[PDB]
Structures are given as C-alpha cells and as structure tokens.
There are 2 protein chains.
Amino acid sequence: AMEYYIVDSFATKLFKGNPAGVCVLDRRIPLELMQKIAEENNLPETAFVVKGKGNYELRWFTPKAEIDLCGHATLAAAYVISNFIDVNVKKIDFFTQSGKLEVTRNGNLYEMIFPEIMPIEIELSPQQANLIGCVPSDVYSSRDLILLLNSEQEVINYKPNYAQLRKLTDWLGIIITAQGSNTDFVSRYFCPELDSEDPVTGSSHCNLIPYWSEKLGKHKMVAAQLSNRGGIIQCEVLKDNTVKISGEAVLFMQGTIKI
Amino acid sequence: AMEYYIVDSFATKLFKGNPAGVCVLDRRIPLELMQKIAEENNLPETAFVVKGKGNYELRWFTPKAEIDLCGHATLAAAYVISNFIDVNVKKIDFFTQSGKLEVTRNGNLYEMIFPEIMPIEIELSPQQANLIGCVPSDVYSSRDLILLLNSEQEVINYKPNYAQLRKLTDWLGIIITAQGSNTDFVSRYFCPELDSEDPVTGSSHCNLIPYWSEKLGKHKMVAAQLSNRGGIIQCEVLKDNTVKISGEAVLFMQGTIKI
Ligand code: NI
Ligand code: NI
C-alpha cells in the first residue's frame, strides 16, 4: 500500500554515498508503525514522506528512534519526490521537527542551503590530545571537533578508536580533514556514540566550506568524504553567510510495503 | 531486473521472527555483486536464488561475507518460491555450499528435516562457570553450549555479556533454555562474535527437541525463541533419528533491484 525506495545520497554510482529508506505515504500512519518499519529496514535512516494537500511532512527514523534532522536522508527523499511523485519538480519543500527544509533540483544535483559556520581554532588539553589518536597540524572547534591532518593519505590511514573518541564529550562528532588529491578537500566523520563512521555528512560542510574557502581562495569547491562507501559533495560559498551543499542520488530498489 | 523480497521467518505477524532479504535471479550475477547487494540491504542475510533448468541454486550472504548454511533464510527463500515463483509448489529443493536442502510447504507452514542431536551433560570448570553469567540447573554440550535455567522468567531476565561469552571458545553459540508458560519450551540464542542475539534459530532445535522430548515425554511440541522479535517453532521427533522444524513466514516488502 505504501511506496518504498532505497536510495544512495551523495552517490555518483550504486553502493556509494549514504543509504536511506524512503517511504511515501498517502495517509498518516502511527509513529510506532514508522519506528517498526525503520527497525525492519535496518538502514541508517528511513524517511517517511506524508503527501497532503499543498505540502510534504517529512520524518526520519533510525532503526532505534525518531530524529529531528537528517540532511543526507532529506536529499534521498527529494530525489524520490522529483523522480516518482511530482516528476521533474525543481523546488521541494518539507515540513519537519526542525522547521521547513527546501531542496532544489538542478539537473540531477540536489541542492541544500545551510548556514556558514567558520570554526574557531583551539588548543586541546594534554588529556584531549591523547584521546584524538593522531597528531594534527591544527585543531578547530564547532558542533564537531575538526582535526586538520597533513595529507589525504593521513585521512585515509586514520583508524578510529571509538572508546577513546567517546571521552571527547565537548563535541557531537569528530572530523578529520586535509587537502584532496582529486578534490579541493577531503574529510571523514566519526560518530563515537553510534560506534560508526558516517558515509557522507552534509552538516560538517557548514564548517569545512568557510575553512577551506579561506585556505584555498575559492568560492566553488568539490569535496570528498573518504568513508568506505565514499561521497562527493559540491560546495559553494553564497552571499548572506550561507553555503550550498549539493549531491547526486542513485536508486537501488523500488517496491511496496504490504501494510 | 531482479525480484527482491523482505520476509520474516518463523513469524506469525510482521516485525517478528528472523528477517531476510531474498533476491530471485533469472541469470547468474558475480559473487562480488551478491556481496554488494547484501551489504546495501544491511539485513542479517540476503538469500540469492538462481532459477535454472530443473533446479534452484541458493546462496546466502551476510552484509560482510558469504556463508555456507542458513536454515532461517532458507525458510524465507522457500516462502518466496511457493508464493511468487512456482505458486503453491509443495516441495522446494535447493542446491547450496552445504549440499541439497529440501523444504516442504504444509498449508502455510514450511518444514525442514534436520539430524536429531541429543546433547551430552557436562560440568563447567570454575573459570567457565564465571563466564556464563548465570547459575543454571544443568549444562549440556553440542556445537553450542546449552544452559538449562529454572524458569521462562529466568530466560527472559538474562542479559548477555558478549565480552565474557566470547571467552567460551569451545562452542559456536550460547543457548539458554527452560520450560515454557504458553509453549512446551523456550530458548534464547546468543552469537558472541556477532555481538548479537539471534532472533530465531532452527539448528539449536537439533539439540533442544531430543532434550525436551525426553524431559516432557512428547514427540510433538511447540517452542518459542524469546528474542526481542520472537519466534515460534513447530517441533516433531521423527523415526530415523531426525527432527522436523517448521515455521510460518510473513512478507514485509516486495520490489525490484535496479541492476
Ligand atoms: Ni546523519
Ligand atoms: Ni543464522
């Protein structure tokens, strides 16, 4: 009865990027049923789109809980809307727990506008320096901890110790970043409480874009997220202290949930 | 191009039992592609059925590797064959890494015949007794370690310590069992190296059936696997040192993989 899609966000090819389930509903279903569906899919997130008169309500669930924001699964939901629901629509508005989110389709690229957040350089305490599991060139701070490494090779070589990273309670996630070989810059994002590496992270680019824009002297850049799956992020510094984050999406599976 | 199904095995209702992906192919695809598909699904196993002239080849992949046996995903594959491929076929033969497997559909129950394996009573060493995290009434040994608890409540109350259970290297899995409140007997199965509790385990019933058959004086019994999802297993002692293990299956999602 409900249309269901598995989509790879920020992916140039199948099995890359950040995978999400996307469930498109004609009518409301209980939040407890959305949670059971997300647990059954066992994908990092299942997005639920309620198509109503004049608007889309969007919720996201991990296999364990409802969450209030998810940029990468929002890109997957916009891909589903413009490819199957309102074929070739350019502007997709979603009403969520965190307010209205807009996604713009530009060719086959999905664009999201986020606040520009230049991080601040900090000095780690001797104890914090022993928890990061590397010797960075510089350390920056925002919602996440940003570790500047000396090369793309050092970013690739890093092996997270989640037990140690969980002790860095001042930050949500741990970012490692460096200049890229094939791209302007690269990064990897670690989720210590989830014991996992995020395949592709849009919101880290709120910090990474102003930081690399200043270092490289560029307003338009390409970034790679060097996770196992890997992601490509189109980056642009906009006028009013905002940044544009864009990515491609790929369809893995199209079906129906029998409820 | 390939039909894809998500099925709950040993489940009387959706979101119960042991979930599996089932991919039905007209032609062979590379083993590396089957692995990528299993990793993309992120389900405990994805079963791949190759329908050829006169036979079915069956393989199973976890999100990490190909495996050589999987009774619960085999039940899901048989459910898919008899409900969608060869509608209402009663006998399903599969050719696998571990030889030929037969599944019989009896109404909506799927039957699998396994060897009867009466386990042997053992005495744990003081060190092993400290690793099991309980004080059992009796201890039995086979491929898995079997811990007889004093009630269904004690089975429900048990909370596995996988770090401690991983130190019991003499056994594959750790089984806790007791007489049931609503069923003849109950069990929970722990996979220490997988850091997980198995939702429903068919092969543990190779030991549990002869053991409870002798204790209860019954040839036909019903068992429950008291995992979070939960499973119901129809049990029967057969004539030639074999046992019959049966379960229901439920369809969660039907779709197509775009490859
Ligand atoms: Ni995320
Ligand atoms: Ni199994």
Side-chain angles (χ1 to χ4, degrees), chain A residues 7-10 17-21 38 43-47 60-77 96 98 101 112 114 143-144 172-175 187-194 196-206 225 227 229 231 233 245 247, chain B residues 7-10 17-21 38 43-47 60-77 96 98 101 112 114 143-144 172-175 187-194 196-206 225 227 229 231 233 245 247:
Chain A
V7 174
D8 297 343
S9 298
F10 297 101
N18 208 331
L43 290 172
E45 283 84 11
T46 297
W60 322 264
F61 286 77
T62 68
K64 291 198 179 81
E66 188 180 358
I67 59 172
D68 296 332
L69 203 65
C70 189
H72 50 88
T74 300
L75 190 154
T96 79
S98 293
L101 305 172
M112 306 178 294
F114 286 180
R143 177 198 68 188
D144 307 302
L172 174 66
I174 311 301
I175 300 165
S187 72
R188 289 170 71 196
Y189 187 105
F190 304 101
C191 313
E193 285 294 329
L194 292 171
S196 62
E197 171 178 5
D198 202 15
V200 199
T201 316
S203 58
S204 58
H205 292 80
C206 293
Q225 190 150 326
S227 56
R229 293 178 61 99
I233 312 87
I245 281 133
Chain B
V7 174
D8 297 343
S9 298
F10 297 101
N18 208 331
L43 290 172
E45 283 84 11
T46 297
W60 322 264
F61 286 77
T62 68
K64 291 198 179 81
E66 188 180 358
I67 59 172
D68 296 332
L69 203 65
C70 189
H72 50 88
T74 300
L75 190 154
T96 79
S98 293
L101 305 172
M112 306 178 294
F114 286 180
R143 177 198 68 188
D144 307 302
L172 174 66
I174 311 301
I175 300 165
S187 72
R188 289 170 71 196
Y189 187 105
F190 304 101
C191 313
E193 285 294 329
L194 292 171
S196 62
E197 171 178 5
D198 202 15
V200 199
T201 316
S203 58
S204 58
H205 292 80
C206 293
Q225 190 150 326
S227 56
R229 293 178 61 99
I233 312 87
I245 281 133

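All ligand and atom numbering here is 1-based and tracks the order in the structure. For the numbers below, each heavy atom of this structure counts, side chains included, while hydrogens, waters and symmetry mates do not. Quick note on labels: first sequence line is chain A, next is B, and so on, each numbered from 1.
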### Task
List the steps and the verdict of side-chain contact (heavy atoms from CB on, under 4.5 Å) for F61(B) and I67(B).
CA-CA 6 Å; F61(B) 286 77; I67(B) 59 172; over 6 Å; no
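Two residues are said to be in side-chain contact when any heavy atoms from C-beta on lie closer than 4.5 Å; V200(B) and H72(B) fail this criterion. Between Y189(B) and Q225(B), some side-chain heavy-atom pair lies under the 4.5 Å cut-off.
Considering all non-hydrogen atoms of both residues, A73(B) and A47(B) come closest at O-CB, 4.4 Å.
Salt bridge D8(A)/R229(A): present, at least one basic N to carboxylate O contact under 4.0 Å.
Protein atoms of type N/O/S that fall under 2.8 Å from the Ni ion (ligand 1) number 1 in this view.
Each of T74(B), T46(B), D68(B) was checked for a side chain to side chain donor-acceptor pair (under 3.5 Å) with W60(B), and the lone residue meeting it is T74(B).
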